[PDB]
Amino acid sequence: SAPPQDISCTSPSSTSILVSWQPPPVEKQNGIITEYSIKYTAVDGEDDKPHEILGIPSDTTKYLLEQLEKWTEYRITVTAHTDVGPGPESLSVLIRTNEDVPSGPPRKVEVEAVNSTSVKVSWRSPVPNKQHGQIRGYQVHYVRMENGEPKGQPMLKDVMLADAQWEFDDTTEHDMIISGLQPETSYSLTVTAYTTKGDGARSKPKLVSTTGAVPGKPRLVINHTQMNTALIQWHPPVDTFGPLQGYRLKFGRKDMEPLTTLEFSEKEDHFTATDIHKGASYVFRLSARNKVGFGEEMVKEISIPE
């Protein structure tokens, strides 16, 4: 006898497969067809047991398999029955149900401050058996926090993978800098992965704050003193953003490199520079530091008249 023909399987959802067939050629049948049956088995699935669709009407040539596993392969045959019994089963067809969105978050989310206007976030792909498809990209969500609660509107940055690193994305080490942020401000960051079907589960939010700002520029006062010296005095910036910790002075002949670098504590606010000769130009560059670091340098060049 002849089996069903025109076997056609398609997946309309991540958990379903539409099976289609036609009766065997009537000139090649024997008895009258009375029903169809389907055999379907998840290959490599959580449930590897064969399942069946029974009692399909003789005039019915399509049937929807449902409650299948997401993005999973199924091997399928169709069999025609007569009043005698079942005939030979069709050729075997294997297709995979559709992709879905990831049910797991990106793995290993880590955050850290960069400077006063930016933070860094790192992550890896979701657990492979929770992706439900080829990961196509990620979205980093971040919202400004105030007293432990979100204040501003959330923003996002989308990262889309290139075709070249679809295949090795489980080994790619992902990271992103978010800039354009406010000094000394807390942000709550989440990361999602996406497939073609859409966005998946979000990581558990992680807090990260930008650093504080560095101090403003100090003010320089310069005097010509005896024996080819100059008294270099300074005043702290009014904007220190916390306790000042010291100063850094770079000085020497103008354009002549390298300059001499000296550091001072916050308690010191003058220095006598030596080898300051009449008829030459000298540069002084002074920055102030807090625990974050040094602010911009106040830069002054002086020329001693002859």
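One rule holds for the numbers: they count along the sequence shown, beginning at 1.
Of the two stretches examined, 166-174 and 182-190, the record assigns the greater average C-alpha temperature factor to 166-174. Looking at 50-58 and 269-277 together, the entry lists the larger mean B-factor for 50-58, computed on C-alpha atoms. When the Cα B-factors of 147, 139, 228, 92 are read from the PDB record, 147 comes out highest.
Comparing the listed residues 214, 159, 232, 113, the entry records the largest Cα B-factor for 113. Sort the modelled residues of the chain by CA B factor and residue 5 lands in the lowest third. Residue 256: CA B factor in the highest third of modelled residues in this chain (values from the PDB entry). Sort the modelled residues of the chain by CA B factor and residue 27 lands in the highest third. Remark: residue 41 belongs to the lowest third of its chain, ranked by C-alpha B-factor as recorded. Per the PDB record, residue ranking by Cα B-factor puts residue 88 in the highest third of the chain.
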